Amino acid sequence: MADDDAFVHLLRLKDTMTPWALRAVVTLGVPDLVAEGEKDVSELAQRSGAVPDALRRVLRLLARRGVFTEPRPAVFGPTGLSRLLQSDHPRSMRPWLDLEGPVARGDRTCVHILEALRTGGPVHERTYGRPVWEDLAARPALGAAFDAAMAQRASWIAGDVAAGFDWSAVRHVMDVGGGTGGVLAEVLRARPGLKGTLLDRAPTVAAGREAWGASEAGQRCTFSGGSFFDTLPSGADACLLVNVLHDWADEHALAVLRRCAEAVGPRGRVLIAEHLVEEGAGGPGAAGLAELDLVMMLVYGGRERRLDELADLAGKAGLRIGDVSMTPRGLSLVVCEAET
């Protein structure tokens, strides 16, 4: 009749084999290997690095959850769900579940949540020896993979941010923590007379240059490698913070906003774009954001924030909330000017 069984509900929540069965199978590329059709375990185990027995058993669980079909014993075919796990797929989940990549690799922190509760700080260092940014920097290939994954998210959100802000009284925009520059590229091409500056890590900006630095919009952008905890390049009236504040704890997220305020001068405008948490939660939107927030606590030192917490940071960095809007999709867009 209805969904009233508290015991069953608890069984849904406590499963930890399924999420790591899932991640592992994506890492070993089984969605790709079965995309064509039914494949028996001997074959799937050979191509990936796997023991046939173990893989049979891991796929059996995931087949009980509808990720794979098993029409006979030890043969596994594709489903609507496995389509979404393929590299092939337009909006693929692969970069977020692949343990080769840095994003899913950070989910190994889940086992250290107790220490995270004791110290109130991140546990990426406890899992891997160094905290997230340090070891993404010491392993460039991991850093490149991080940047490529983030570029997939940015690419979806770009056209919306470009439209979502007013660019009339803006002559030079700085994308601070802008990744490969997917958002800035859109802003500039949408507004032919804008100057741009991509500020990020050196190999990140350089990979961004290769991608679109030759294009019409690329010509009107300086690709400036560096750190946004230091002083920023001068002469930007607008600074753009698209999904960077939630990576950082309160003192560090503050320091970024200070450097952005410093960079834009008085009556300069710092433009923030995040998904913000909302007190009286809701269904799938708020639950997903609360999950993501624990990823921020464990991997990074960060946090998803409400509008009012964002306001407490802006006030301590000589800024004030001007115009809060929202993209027809849920991404909120806040413009901040200077005080006095």
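Numbering starts at 1 and follows the sequence shown.
Asks: In the PDB record, does 187-195 or 241-249 carry the higher mean Cα temperature factor?
Replies: On average, C-alpha B-factors are higher across 187-195.
Asks: Averaging CA B factors per stretch from the PDB record, which one is higher: 165-173 or 124-132?
Replies: Higher mean C-alpha B-factor: 165-173.
Asks: Checking the entry, which one of 147, 210, 98, 107 has the top C-alpha B factor?
Replies: Among 147, 210, 98, 107, the highest C-alpha B-factor in the entry belongs to 210.
Asks: Between 264, 85, 113, 103, which carries the biggest CA temperature factor in the record?
Replies: That would be 264, according to the entry.
Asks: Looking at the C-alpha B-factor of residue 235, is it in the lowest, middle or highest third of its chain?
Replies: Its C-alpha B-factor, which the entry lists for residue 235, ranks in the highest third among residues of this chain.
Asks: Within this chain's modelled residues, let me know which third the CA B factor of residue 337 belongs to: lowest, middle or highest.
Replies: According to the entry, residue 337 has a C-alpha B-factor in the chain's highest third.
Asks: Rank-wise, by C-alpha B-factor, drop residue 154 into the lowest, middle or highest third of its chain.
Replies: Highest third.
Asks: Mind checking which third residue 330 falls in for C-alpha B-factor across the chain?
Replies: Middle third.
Asks: Would you check the entry's CA temperature factor for residue 218 and let me know if it's in the chain's lowest, middle or highest third?
Replies: Highest third.
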